[PDB]
Each structure stands twice: as C-alpha cells, then as structure tokens.
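In case you want the letters, here they are:
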Amino acid sequence: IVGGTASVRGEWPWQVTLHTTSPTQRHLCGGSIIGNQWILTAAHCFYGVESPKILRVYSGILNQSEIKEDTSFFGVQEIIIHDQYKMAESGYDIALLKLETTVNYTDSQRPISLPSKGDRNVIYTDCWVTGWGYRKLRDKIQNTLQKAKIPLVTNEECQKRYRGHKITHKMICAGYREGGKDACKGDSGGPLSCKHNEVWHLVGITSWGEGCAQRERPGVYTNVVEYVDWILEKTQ
Ligand SMILES: COC1=C(c2cc(Cl)ccc2C#N)CC(=O)N([C@@H](C[C@@H]2CCCCO2)C(=O)Nc2ccc(C(=O)O)cc2)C1
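Sequence positions are given from 1 along each chain as written, possibly unlike the numbering in the entry, and residues without coordinates are left off. Excluding hydrogens and water, the side-chain figures rest on all heavy atoms present in the structure.

As recorded in the entry header, the structure was determined using X-ray crystallography to a resolution of 1.250 Å.

In structure tokens, the structure reads:
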C-alpha cells in the first residue's frame, strides 16, 4: 500500500495473508474471509502454484513477524479459479480457496459481506484498500498491515487512462487524480472494502495497475458484484 497508515489488531478481520511454503515460506497474496471455509482472492496469485499443498492461509495477522513455527494456519483443500481467467489485465481475476477446516469467528477473524442484492446502484464513498504490499514500486513486503482510503473512479474515466487495455464492467477502478495512495506489489488478492450504512462490503479484489500511485493511473480491481452468482454457485 502506497501512502497508507498502519492498521491495528481487529481493524480488518476479513483480511488474510496467503503464504507459499516452497521454496521458502513467504507472503504471496492477500485474501478475504467470505464464509466459514472460504477465502476470496485473485486468480493471478496461483501462477506457477503446482497444487494447494504448498499454500497456507493465516488469519488474525497484523504483523507478518507474528508468523512463527507455532502460529496456527488453515490448509487449503481446493483452489477454484474462474474458468475464463487468462491474465489479470484481461479480467476474470477471481478465485476461491476452500479451507481444510472452518474458521471460528473472533474479533480478529470474521467474514465480510458481498455487495448486497438491491445495492447494484449504490455510490460507495468510503472505500479502503489494505495489505502488506510495497510502499512504492521498488520496495519489499511490509511487516504491519497497511490501509489507505481510495476514491472509486468511473469505468469511463478508468478506460481513458488505460487505452491499451479493455476496462470492462467486470472491473472497478480506484485512485486519486494526482496519485499518492494506491495498492502496490504484494497487495493483490486482498480486499477493496467499502462501508455503506455502517456495514462493510467486499466491493473489489486488488488485481493490477501499470505502476503504483501514479497520477491519473487508478488501480484496477475485480468488480465483486459482477461475480456474486459465480461465488454463490461455487460456495453451495
Ligand atoms: C501488476 O499489478 C500488481 C498489483 C497492483 C494492483 C493495483 Cl490495484 C495497483 C497497482 C499494482 C501494482 N504494481 C498488485 C500486486 O500485488 N501484484 C502482484 C502480481 C503477482 C503475480 C504473481 C503472483 C503474485 O502476484 C505482485 O506484484 N505481487 C508480489 C510482488 C512481490 C512480492 C515480494 O517481493 O515478495 C510479493 C508479491 C501486481
């Protein structure tokens, strides 16, 4: 996250860190708890991942340095990548992880709602991107989960900034005209969370940008509302 601030324990309880276990153990991607055995994340995360055997999902994490040999995590039973996914910038950048056991909900780990039936035309004005990603394009994964408030931009504006790409209705963009706050490397798969009527909803999944926090270059997110039927079908 560029231009963000440190989060505190319990602030973003749906946020997880997905680790790979081989050839080293490290953060791969963010994700969001959406049900008792379900993480919503980005399909791009699994490039070159041979099987679910090498994944671990850690919930209730503020600092990556909390993760030690005795830290509890969830195994991954199944990776469900959208059938149409090919490349982040071409869309369909969505995946589910089915966990090997159920998450017990606590102050530090809880699900986030999807965008609700009846809210298709809600104007979201309180949206936050979170993650352990870089603070600028050339950096490293951060220890403490970061947050930044980012305004949504229209698809029409977003398409004007990315004339080499097809910005579809299945994407949503967010950024400041003069840049300075954005997702960056290591934030992908995590949430763009928007609060409406004091309820948080998972509006986006951090997907791609051509840079981080550049002027007139909004971040591009998977538009979760356009995948609710897919998510419900896959999760039962
Ligand atoms: C290209 O745009 C991407 C991001 C992005 C998103 C927004 Cl909204 C706005 C701008 C950007 C940008 N830059 C965010 C994002 O995290 N990715 C990802 C893409 C990769 C592809 C392989 C599988 C993991 O994900 C990524 O760069 N992740 C990564 C990189 C390095 C490390 C590390 O040093 O340990 C760990 C994770 C890319």
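**Some words on the overall build of the chain**
When helices and strands are counted, the chain shows 2 helices and 14 strands. Using C-alpha atoms as the atom set, the radius of gyration is obtained and then compared with a globule rule of 2.2 Å times the number of residues to the power 0.38. Computed over the C-alpha atoms, the radius of gyration of the chain is 16 Å, within 12% of the 18 Å expected from 2.2 N^0.38 for a compact globule of 236 residues. Counting only C-alpha atoms, the chain reaches 50 × 40 × 35 Å along its principal axes. A total of 236 residues make up the chain; the buried ones form 50% of that total. Secondary structure counts use DSSP, requiring at least four H or I residues in a row for a helix and at least two E residues in a row for a strand, with both numbered from the N terminus. Per-residue accessibility, obtained with a 1.4 Å probe over protein chains only, is compared with the maximum for each type, and a residue is labelled buried under 20%, exposed over 50%, and partly exposed between these values.

**Focus: the UniProt feature "binding site: heparin" in the chain**
UniProt positions are given in the numbering used here, feature names are shortened, and annotations may be inferred rather than shown by experiment. In the numbering used here, UniProt assigns the feature "binding site: heparin" to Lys160, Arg161, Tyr162 and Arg163. When you line up the elements, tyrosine 162 lands in the loop between α1 (155-161) and β11 (171-174). Residue contacts are defined here by distance: any two heavy atoms, one from each residue, within 4.5 Å place the two residues in contact. Once you skip the residues sitting within four places of it in the chain, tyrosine 162 turns out to touch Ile167, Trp208, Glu210, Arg217, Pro218 and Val220. Its relative accessible area of 77% is what places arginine 163 among the exposed residues.

**Some details on the site of the ligand**
Being near a molecule or strand, for a residue, means having at least one of its heavy atoms within 4 Å of it. Around the ligand sit 21 residues, and of these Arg26, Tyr134, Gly186, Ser188 and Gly211 come closest. With respect to the ligand, the side chain of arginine 26 contributes an N or O atom lying 2.8 Å from an oxygen atom. With respect to the ligand, the backbone of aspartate 187 contributes an N or O atom lying 3.3 Å from an oxygen atom. Each accessible area is a Shrake-Rupley estimate made with a 1.4 Å probe; only the visible protein chains count as cover when residues are assessed. When the ligand sits alone it has 770 Å² of accessible area, and the protein chains cover 81% of it. For the shell around the ligand, the secondary structure elements donating two or more residues are β3 (26-35), β13 (199-208) and β14 (219-223). Each residue receives one of three labels: charged for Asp, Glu, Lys and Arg, nonpolar for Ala, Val, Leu, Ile, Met, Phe, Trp, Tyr, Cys and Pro, and polar for the others, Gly being one of them. In terms of residue class, the shell around the ligand is built from 10 nonpolar, 7 polar and 4 charged. Contacts described as polar in this section are N or O atom pairs within 3.5 Å, which, within protein, must combine one atom able to donate a hydrogen with one able to accept it, while residues neighboring in sequence count only if both atoms come from side chains.

**Some thoughts on the sheet that holds strand β10 (residues 152-153)**
Taken in spatial order, the 8 strands line up as β1-β9-β8-β12-β13-β14-β11-β10 in an open sheet, and their pairing is antiparallel. Each edge of the open sheet is held by one strand with a lone partner, namely β1 (5-6) and β10. Any two strands with at least two DSSP bridges between them are considered paired. Two strands pair when backbone bridges link them, and β10 and β11 are joined in this way by 2 bridges, in the antiparallel orientation. Pairing of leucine 152 across the sheet is with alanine 174, part of β11.

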